[PDB]
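Read the structure below first, then the notes.
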Amino acid sequence: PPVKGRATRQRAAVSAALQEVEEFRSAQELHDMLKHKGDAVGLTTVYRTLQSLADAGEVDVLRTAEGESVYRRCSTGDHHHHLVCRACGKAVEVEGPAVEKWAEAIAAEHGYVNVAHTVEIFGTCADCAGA
DNA sequence: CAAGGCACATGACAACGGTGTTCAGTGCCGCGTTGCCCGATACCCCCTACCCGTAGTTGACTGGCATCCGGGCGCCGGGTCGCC
Ligand SMILES: [Zn+2]
Ligand SMILES: [Zn+2]
Ligand SMILES: [Zn+2]
């Protein structure tokens, strides 16, 4: 996980933690679990590094209904969209050219030069209903 | 003269006002800690220059050295050969 800044142990640690975790996580709870591992990193430095990763793009970032920015890495680097369970957090990556073609058709119809598409579908998970 | 009808105001009724808290997150901006990058520095190599130890050198050449006295002074102590 190369970073723009000079490599070191702490960014390697947070990158490894993101690698192991395959769920949407917020910065403060990420720091909580990171401290639980025992690295004892600083909150603002964690903020700096995760902002850098979000800028780099290898970690997808979503915004919750409360307004929180939640980050997680995707195995595949191609652009896609994530289906997430609010109760459990199971993030599954799917992509379809139909939505993209729809976006380009709308942009051309309205004469838009460039566009940015953001699509997240929220829904109720299958296993949580069962007890 | 008493009973029945209309005005204004009134006991509650929430919802705005405005401002104060609270979450909580994410930075903002001053204190300290970190990967680089090089640069010099100790430490392997090769070469030869020079220090230092060993071993020969065949006419003959076969016993030295200069001592030491003007203490001085007395005693101890033992040795040492005469003594009868
Ligand atoms: Zn993604
Ligand atoms: Zn898309
Ligand atoms: Zn679920």
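The opening residue of the first sequence carries number 3 in our numbering; numbering runs sequentially from there. Idealized CB from N, CA, C, for every residue including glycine.
1. May I ask you to verify whether the region 65–84 touches the region 20–39, counting CB pairs closer than 8 Å and requiring at least 3?
2. Out of curiosity, what's the CA-to-CA distance linking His82 and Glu97?
3. Closer than 5 Å is what we want: which residues have a beta carbon that near any heavy atom of ligand 3? List them in chain order.
4. For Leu32, is the classification buried or exposed, using 16 other Cβ atoms within 10 angstroms of its Cβ as the cut-off for buried?
5. Run through the region 13–70 for me and flag every whole alpha helix (DSSP H) of 4 or more residues, listed as ranges in chain order.
6. Can you determine whether any heavy atom of ligand 2 sits closer than 7 Å to the C-beta of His84, and answer yes or no?
7. Mind checking whether the beta-carbon of residue 1 lies closer than 7 Å to any heavy atom of ligand 1?
8. Do you know how far the Cα of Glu111 is from the Cα of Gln12?
9. Going by Cα to Cα distance, which pick from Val43, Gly59 and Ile108 is closest to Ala100?
10. Should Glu95 be listed as close to ligand 1, given that the test is whether its C-beta is under 7 Å from any heavy atom?
11. Determine the closest residue to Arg88 out of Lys37, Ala128 and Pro4, with distance taken between C-alpha atoms.
Let me spell this out:
1. yes
2. Numbered from 1 along the first sequence, position 80 holds the residue referred to as residue 82. Numbered from 1 along the first sequence, position 95 holds the residue referred to as residue 97. Approximately 5 Å between the Cα atoms of the pair.
3. Cβ-based neighbours of ligand 3 within the cut-off: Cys87, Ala89, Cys90, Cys127 and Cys130.
4. Position 30 of the first sequence holds residue 32. Looking at its Cβ environment, which holds 16 or more other Cβ atoms inside 10 Å, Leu32 is buried.
5. 29–39 and 45–58
6. Indexing the first sequence from 1 puts residue 84 at position 82. No; taking the cut-off as 7 Å, the Cβ of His84 has no heavy atom of ligand 2 nearer than that.
7. Nothing in the structure corresponds to residue 1, since the chain is present only between 3 and 133.
8. Counted from its first residue, the first sequence places residue 12 at position 10. Counted from its first residue, the first sequence places residue 111 at position 109. About 48 Å.
9. Within the first sequence, residue 100 is the residue found at index 98, counting from 1. Closest in alpha carbon position to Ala100, among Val43, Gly59 and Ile108, is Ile108.
10. As a first step, residue 95 is located in the first sequence; it is residue number 93 there, counting from the start. Yes, ligand 1 has a heavy atom inside 7 Å of this Cβ.
11. Looking up residue 88 in the first sequence gives position 86. Comparing Cα-Cα distances from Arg88 to each of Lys37, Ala128 and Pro4, the minimum goes to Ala128.
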